[PDB]
There are 2 protein chains.
Amino acid sequence: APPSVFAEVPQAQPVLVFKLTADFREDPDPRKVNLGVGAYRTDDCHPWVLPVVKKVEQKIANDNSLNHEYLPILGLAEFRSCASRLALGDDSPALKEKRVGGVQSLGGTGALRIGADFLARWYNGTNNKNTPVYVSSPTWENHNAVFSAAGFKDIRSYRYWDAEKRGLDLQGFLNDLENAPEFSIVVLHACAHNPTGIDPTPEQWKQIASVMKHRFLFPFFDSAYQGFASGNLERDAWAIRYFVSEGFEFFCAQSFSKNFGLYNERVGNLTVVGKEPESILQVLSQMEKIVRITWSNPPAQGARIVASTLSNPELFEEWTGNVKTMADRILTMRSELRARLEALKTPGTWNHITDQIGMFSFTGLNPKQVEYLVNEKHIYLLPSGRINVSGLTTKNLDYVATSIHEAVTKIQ
Amino acid sequence: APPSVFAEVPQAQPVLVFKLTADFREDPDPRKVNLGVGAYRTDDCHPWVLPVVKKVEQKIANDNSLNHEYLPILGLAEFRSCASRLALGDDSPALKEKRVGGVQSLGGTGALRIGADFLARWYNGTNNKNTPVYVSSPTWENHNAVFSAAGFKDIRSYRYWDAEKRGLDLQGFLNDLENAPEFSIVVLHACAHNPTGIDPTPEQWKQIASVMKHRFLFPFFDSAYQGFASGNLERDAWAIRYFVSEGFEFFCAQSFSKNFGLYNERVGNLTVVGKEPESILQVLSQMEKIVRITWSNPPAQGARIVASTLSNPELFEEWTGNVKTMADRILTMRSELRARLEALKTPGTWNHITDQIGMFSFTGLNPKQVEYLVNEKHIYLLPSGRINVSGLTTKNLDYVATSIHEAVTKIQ
């Protein structure tokens, strides 16, 4: 009869895609297409498990040597070494000189929150909750959240998407980077910009690099699709491996969710670059204490699989093949969509579709055009014109292209 | 050459046991004993993997039906149902009336931090960072930490350990519970008090129950050793299952680390009891949003094993057997130590050793006596006189008892 502490609780509300796919689920129309699904799908609209992953799982399932005792707080030793080595390169002299520790975390999200909560207490003084934060416009929906609920109360949007011409707005944001309270932190996308797909060219990275070396900035990379983006580890980590040979430091947040398909195993690593082996051991020290209060220590299964893969030469081999599979499919569905849009003389340029890298891509549509695709043609995608390219198959591709043609033409 | 943001970083320092076992590791003395190891060890001083766990792992390893796609933010559906059902009972009408959701978290630690960070924003008003916090004296070392770094700046110690007579100080803390700013939250140990082992009797629980129902308290249980403590699920969850039939509500933090041996898989559940199906769906709603910023969603492997076990009758059967194994060993090492202490006419009463429940136990020694065991007899344990009973085997038991005899007698 009396009150509920539980009553007077604000419902929280259905986020962007969660409601989107739900509507798709109940849609009885047989030509419906879901392009807002948040992982990689095959051409038959199915989840794919990497054979190299199914392979290692069997090896683990049979190793009666393994136990289930607590791991080091920072995580499985081998994993952190392999992961950072993957992002920075084996032949990186920044490894020989002992510059970096890894922290095994809970996916890419966990790498941020730990690297985030760390900065709001040891970066820019002590317990500095006022330091500005670099987020792109637009950005992965909870770059904001992970830094907000980490402390920081201003969040700063450097323009990134250029609506007209559908490409990169370089000095549109390179200029904004100048205005900022300098010496602030910058969470850059390593490659495959979520949710646009447009990455800076190596030349343009040099620009953003020096111009913000010159003048007070700390990078906080988000390497979530390394290898998964373009089908290769060497060029996807270039913007990372350049910052090291110049002589920077940064936190790099690695996610193995998309490029190992290990979404529900939450495999991730925070790579931390230094000066000299001095304070890295110091960073890693009270990185532990941050973790201890979040999760006592990280889970083992997902990490072992990645570690067993990256350490072994004939699994690494098979893995990069599997990664190239997921890759090549996306790049093909790009070249195909562009071609079909161009084959129908669809008003506008559509280079961006093939210039963008990765699984997500900005079409260049505005919610009035998108509204048409969702309600009349039952193509489900976000109002920001964002599609999951892996949502495009060989059967729906011709319908979707023609639908996009109808949208741009009929609705301005 | 220039500064390091990384320099001027405070090293954090080696905690209690981490330094303790390290010293044990380098100790060349052949009669050394480690009683500060933080998990269950066999009589041969080894980690034990439950056969029922090795069993389910094989079943999972062979189910080619499973994928690695993201789980619900709150976690694997089956797990949360089985876990809460385990703590509250299948025949609990508080389940039929839809009172409770579970939130799959990262071990027991994760269940707290989520349940903690939730209260510091929806409990006792809104964004109430001032509400007092109940922690025992002493308590599991990071009941304090998990609530501190969750916000709260006062932490209140209700006396729990009674140095002389080595047992429970009931109204010593039942009185302190009266003084507190009422309507504050209370993280009670369900059973197996870490690090003492003394649990209140069912009668004494009724006392603490009503007297703090009567007057403004919200329980926040820590069920970390359910079944693992006394070798059974029915009496270990009694203090929980009583609070529900009275008509309370609370968060219960379940850990499956010790009772499934799944430490490095980080399996845990936050059970949340309500009034009426109303605001539980509301609690679970913005429980998701708290999780999203911590870890996007929880890992699957550890949860599936527990879920597959608790849902299946002939695995549940085998599991409770394995749990009874770990249990009975501890209870035996208790009755044996007590007997050997009593057989040597060791000055003092030693009932507490056999009255305490669970893996951890307070001997009743004070660091001057403990100092003797560690430096002269190379028995490693915490200054609080805390031992890991599973550290006691059939070979060291006679040495340790005799050592404890020497400590109490020679050093007052």
# chains A, B, ... in the order shown; residues from 1 in each chain; ligands from 1
call {"tool": "select_by_dssp", "arguments": {"residues": "segment 63-222 of chain A", "states": "alpha helix (DSSP H)", "output": "MDAnalysis selection string"}}
result
chainID A and resid 77:88 93:96 107:122 143:148 170:174 176:179 202:213
call {"tool": "interface_residues", "arguments": {"of": "chain B", "to": "chain A", "cutoff": "6 Å", "atoms": "only C-alpha atoms", "output": "ChimeraX atom specification"}}
result
/B:6-7,11-12,68-70,106,109-110,146,262-266,279,282,285-286,293,295,299-300
call {"tool": "residues_around", "arguments": {"residues": "segment 158-166 of chain A", "least_positions_apart": "3", "cutoff": "6 Å", "atoms": "only C-alpha atoms", "output": "ChimeraX atom specification"}}
result
/A:136-137,169,173,176,364
call {"tool": "closest_residue", "arguments": {"among": "A:367, A:389, A:35, A:325", "to": "residue 338 of chain A", "atoms": "only C-alpha atoms"}}
result
A:389
call {"tool": "select_by_dssp", "arguments": {"residues": "segment 194-386 of chain A", "states": "strand (DSSP E)", "output": "PDB file with N, CA and C atoms, in the first residue's frame"}}
result
ATOM      1  N   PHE A 218      45.882  15.669 -27.170  1.00  0.00           N
ATOM      2  CA  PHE A 218      46.053  14.260 -26.799  1.00  0.00           C
ATOM      3  C   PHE A 218      45.031  13.364 -27.503  1.00  0.00           C
ATOM      4  N   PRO A 219      45.506  12.531 -28.437  1.00  0.00           N
ATOM      5  CA  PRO A 219      44.637  11.621 -29.189  1.00  0.00           C
ATOM      6  C   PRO A 219      44.028  10.527 -28.321  1.00  0.00           C
ATOM      7  N   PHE A 220      42.810  10.113 -28.656  1.00  0.00           N
ATOM      8  CA  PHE A 220      42.143   9.003 -27.985  1.00  0.00           C
ATOM      9  C   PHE A 220      41.449   8.149 -29.040  1.00  0.00           C
ATOM     10  N   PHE A 221      42.247   7.463 -29.848  1.00  0.00           N
ATOM     11  CA  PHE A 221      41.746   6.675 -30.970  1.00  0.00           C
ATOM     12  C   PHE A 221      40.661   5.654 -30.620  1.00  0.00           C
ATOM     13  N   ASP A 222      39.842   5.331 -31.616  1.00  0.00           N
ATOM     14  CA  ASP A 222      38.842   4.273 -31.519  1.00  0.00           C
ATOM     15  C   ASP A 222      39.032   3.328 -32.693  1.00  0.00           C
ATOM     16  N   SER A 223      39.922   2.358 -32.514  1.00  0.00           N
ATOM     17  CA  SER A 223      40.172   1.349 -33.531  1.00  0.00           C
ATOM     18  C   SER A 223      39.228   0.167 -33.302  1.00  0.00           C
ATOM     19  N   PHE A 251      45.658   7.211 -26.032  1.00  0.00           N
ATOM     20  CA  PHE A 251      45.077   5.925 -25.726  1.00  0.00           C
ATOM     21  C   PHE A 251      44.446   5.430 -27.007  1.00  0.00           C
ATOM     22  N   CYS A 252      44.681   4.166 -27.336  1.00  0.00           N
ATOM     23  CA  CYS A 252      43.998   3.550 -28.461  1.00  0.00           C
ATOM     24  C   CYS A 252      43.038   2.496 -27.944  1.00  0.00           C
ATOM     25  N   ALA A 253      41.768   2.646 -28.297  1.00  0.00           N
ATOM     26  CA  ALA A 253      40.746   1.691 -27.878  1.00  0.00           C
ATOM     27  C   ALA A 253      40.452   0.680 -28.981  1.00  0.00           C
ATOM     28  N   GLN A 254      40.970  -0.532 -28.822  1.00  0.00           N
ATOM     29  CA  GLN A 254      40.764  -1.571 -29.814  1.00  0.00           C
ATOM     30  C   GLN A 254      39.500  -2.383 -29.516  1.00  0.00           C
ATOM     31  N   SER A 255      38.722  -2.678 -30.555  1.00  0.00           N
ATOM     32  CA  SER A 255      37.590  -3.591 -30.414  1.00  0.00           C
ATOM     33  C   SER A 255      37.771  -4.781 -31.337  1.00  0.00           C
ATOM     34  N   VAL A 267      35.484  -8.606 -26.323  1.00  0.00           N
ATOM     35  CA  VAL A 267      36.944  -8.537 -26.366  1.00  0.00           C
ATOM     36  C   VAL A 267      37.431  -7.148 -26.803  1.00  0.00           C
ATOM     37  N   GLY A 268      38.278  -6.538 -25.984  1.00  0.00           N
ATOM     38  CA  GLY A 268      38.768  -5.202 -26.265  1.00  0.00           C
ATOM     39  C   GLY A 268      40.053  -4.894 -25.522  1.00  0.00           C
ATOM     40  N   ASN A 269      40.811  -3.943 -26.042  1.00  0.00           N
ATOM     41  CA  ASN A 269      42.082  -3.603 -25.430  1.00  0.00           C
ATOM     42  C   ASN A 269      42.344  -2.110 -25.494  1.00  0.00           C
ATOM     43  N   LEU A 270      42.794  -1.553 -24.376  1.00  0.00           N
ATOM     44  CA  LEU A 270      43.231  -0.167 -24.351  1.00  0.00           C
ATOM     45  C   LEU A 270      44.742  -0.124 -24.450  1.00  0.00           C
ATOM     46  N   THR A 271      45.221   0.380 -25.584  1.00  0.00           N
ATOM     47  CA  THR A 271      46.645   0.560 -25.829  1.00  0.00           C
ATOM     48  C   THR A 271      47.059   1.964 -25.395  1.00  0.00           C
ATOM     49  N   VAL A 272      48.133   2.052 -24.611  1.00  0.00           N
ATOM     50  CA  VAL A 272      48.591   3.323 -24.036  1.00  0.00           C
ATOM     51  C   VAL A 272      50.058   3.603 -24.380  1.00  0.00           C
ATOM     52  N   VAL A 273      50.319   4.622 -25.198  1.00  0.00           N
ATOM     53  CA  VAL A 273      51.694   4.947 -25.617  1.00  0.00           C
ATOM     54  C   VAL A 273      52.340   5.997 -24.699  1.00  0.00           C
ATOM     55  N   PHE A 360      29.553   0.799 -42.219  1.00  0.00           N
ATOM     56  CA  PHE A 360      28.561   1.866 -42.202  1.00  0.00           C
ATOM     57  C   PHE A 360      28.891   2.926 -43.241  1.00  0.00           C
ATOM     58  N   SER A 361      27.856   3.585 -43.755  1.00  0.00           N
ATOM     59  CA  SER A 361      28.009   4.529 -44.858  1.00  0.00           C
ATOM     60  C   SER A 361      26.894   5.566 -44.877  1.00  0.00           C
ATOM     61  N   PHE A 362      27.261   6.825 -45.083  1.00  0.00           N
ATOM     62  CA  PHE A 362      26.269   7.875 -45.242  1.00  0.00           C
ATOM     63  C   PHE A 362      25.901   8.007 -46.703  1.00  0.00           C
ATOM     64  N   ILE A 379      12.169   0.264 -46.641  1.00  0.00           N
ATOM     65  CA  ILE A 379      13.599   0.147 -46.413  1.00  0.00           C
ATOM     66  C   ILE A 379      13.927   0.874 -45.117  1.00  0.00           C
ATOM     67  N   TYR A 380      14.305   0.117 -44.094  1.00  0.00           N
ATOM     68  CA  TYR A 380      14.534   0.694 -42.777  1.00  0.00           C
ATOM     69  C   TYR A 380      15.995   1.114 -42.599  1.00  0.00           C
ATOM     70  N   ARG A 386      21.941   6.849 -42.743  1.00  0.00           N
ATOM     71  CA  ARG A 386      22.943   5.819 -42.496  1.00  0.00           C
ATOM     72  C   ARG A 386      22.410   4.431 -42.825  1.00  0.00           C
TER      73      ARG A 386
END
call {"tool": "residues_around", "arguments": {"residues": "residue 405 of chain B", "least_positions_apart": "5", "cutoff": "12 Å", "atoms": "only C-alpha atoms", "output": "PyMOL selection string"}}
result
chain B and resi 337-338+340-348+350+363+365+369-370+372-373+377+398-400+410-412
call {"tool": "write_last_selection", "arguments": {"atoms": "N, CA and C atoms", "output": "mmCIF file, in the first residue's frame"}}
result
data_model
loop_
_atom_site.group_PDB
_atom_site.id
_atom_site.type_symbol
_atom_site.label_atom_id
_atom_site.label_comp_id
_atom_site.auth_asym_id
_atom_site.auth_seq_id
_atom_site.Cartn_x
_atom_site.Cartn_y
_atom_site.Cartn_z
ATOM 1 N N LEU B 337 40.628 -28.409 12.314
ATOM 2 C CA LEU B 337 41.465 -27.377 12.920
ATOM 3 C C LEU B 337 41.045 -27.116 14.359
ATOM 4 N N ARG B 338 39.740 -26.948 14.568
ATOM 5 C CA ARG B 338 39.188 -26.747 15.903
ATOM 6 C C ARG B 338 39.608 -27.866 16.847
ATOM 7 N N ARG B 340 42.109 -29.976 16.636
ATOM 8 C CA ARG B 340 43.551 -29.980 16.863
ATOM 9 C C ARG B 340 43.982 -28.830 17.763
ATOM 10 N N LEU B 341 43.296 -27.700 17.647
ATOM 11 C CA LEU B 341 43.533 -26.595 18.558
ATOM 12 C C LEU B 341 43.079 -26.997 19.965
ATOM 13 N N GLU B 342 41.939 -27.680 20.053
ATOM 14 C CA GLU B 342 41.401 -28.114 21.344
ATOM 15 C C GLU B 342 42.192 -29.285 21.926
ATOM 16 N N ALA B 343 42.792 -30.094 21.056
ATOM 17 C CA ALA B 343 43.598 -31.236 21.482
ATOM 18 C C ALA B 343 44.928 -30.812 22.105
ATOM 19 N N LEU B 344 45.358 -29.590 21.805
ATOM 20 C CA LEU B 344 46.614 -29.076 22.336
ATOM 21 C C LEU B 344 46.365 -28.121 23.499
ATOM 22 N N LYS B 345 45.129 -28.115 23.998
ATOM 23 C CA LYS B 345 44.712 -27.244 25.099
ATOM 24 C C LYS B 345 45.140 -25.794 24.861
ATOM 25 N N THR B 346 44.993 -25.352 23.614
ATOM 26 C CA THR B 346 45.313 -23.985 23.225
ATOM 27 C C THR B 346 44.435 -23.007 23.992
ATOM 28 N N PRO B 347 45.071 -22.100 24.755
ATOM 29 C CA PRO B 347 44.380 -21.135 25.619
ATOM 30 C C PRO B 347 43.329 -20.327 24.858
ATOM 31 N N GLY B 348 42.057 -20.525 25.199
ATOM 32 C CA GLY B 348 40.968 -19.840 24.523
ATOM 33 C C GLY B 348 39.887 -20.769 23.996
ATOM 34 N N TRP B 350 37.494 -21.986 20.762
ATOM 35 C CA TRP B 350 37.702 -22.088 19.326
ATOM 36 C C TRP B 350 36.465 -22.626 18.625
ATOM 37 N N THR B 363 40.243 -16.103 12.665
ATOM 38 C CA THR B 363 40.820 -16.996 13.663
ATOM 39 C C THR B 363 40.688 -16.418 15.062
ATOM 40 N N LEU B 365 43.018 -14.042 15.959
ATOM 41 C CA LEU B 365 44.376 -13.598 16.242
ATOM 42 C C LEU B 365 44.522 -12.105 15.959
ATOM 43 N N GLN B 369 50.276 -11.801 17.034
ATOM 44 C CA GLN B 369 50.260 -13.262 16.947
ATOM 45 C C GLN B 369 50.448 -13.705 15.497
ATOM 46 N N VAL B 370 49.762 -13.019 14.587
ATOM 47 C CA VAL B 370 49.863 -13.287 13.156
ATOM 48 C C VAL B 370 51.288 -13.089 12.639
ATOM 49 N N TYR B 372 53.898 -13.658 14.086
ATOM 50 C CA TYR B 372 54.669 -14.830 14.451
ATOM 51 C C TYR B 372 54.500 -15.924 13.406
ATOM 52 N N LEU B 373 53.257 -16.162 12.986
ATOM 53 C CA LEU B 373 52.970 -17.204 12.002
ATOM 54 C C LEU B 373 53.648 -16.933 10.666
ATOM 55 N N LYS B 377 57.090 -18.991 11.244
ATOM 56 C CA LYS B 377 56.541 -20.273 10.819
ATOM 57 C C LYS B 377 56.117 -20.266 9.357
ATOM 58 N N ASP B 398 48.329 -30.177 10.634
ATOM 59 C CA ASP B 398 48.907 -30.471 11.932
ATOM 60 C C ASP B 398 49.992 -29.446 12.255
ATOM 61 N N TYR B 399 50.713 -29.001 11.230
ATOM 62 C CA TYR B 399 51.735 -27.971 11.408
ATOM 63 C C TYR B 399 51.114 -26.621 11.756
ATOM 64 N N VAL B 400 50.072 -26.247 11.017
ATOM 65 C CA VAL B 400 49.405 -24.964 11.201
ATOM 66 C C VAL B 400 48.769 -24.851 12.589
ATOM 67 N N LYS B 410 52.952 -18.203 23.120
ATOM 68 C CA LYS B 410 54.197 -17.446 23.221
ATOM 69 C C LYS B 410 53.987 -15.928 23.154
ATOM 70 N N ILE B 411 53.073 -15.501 22.290
ATOM 71 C CA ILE B 411 52.811 -14.078 22.079
ATOM 72 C C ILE B 411 51.381 -13.692 22.465
ATOM 73 N N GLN B 412 51.247 -12.806 23.450
ATOM 74 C CA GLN B 412 49.932 -12.373 23.925
ATOM 75 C C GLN B 412 49.336 -11.273 23.048
#
call {"tool": "closest_residue", "arguments": {"among": "A:156, A:324, A:206, A:85", "to": "residue 232 of chain A", "atoms": "only C-alpha atoms"}}
result
A:324
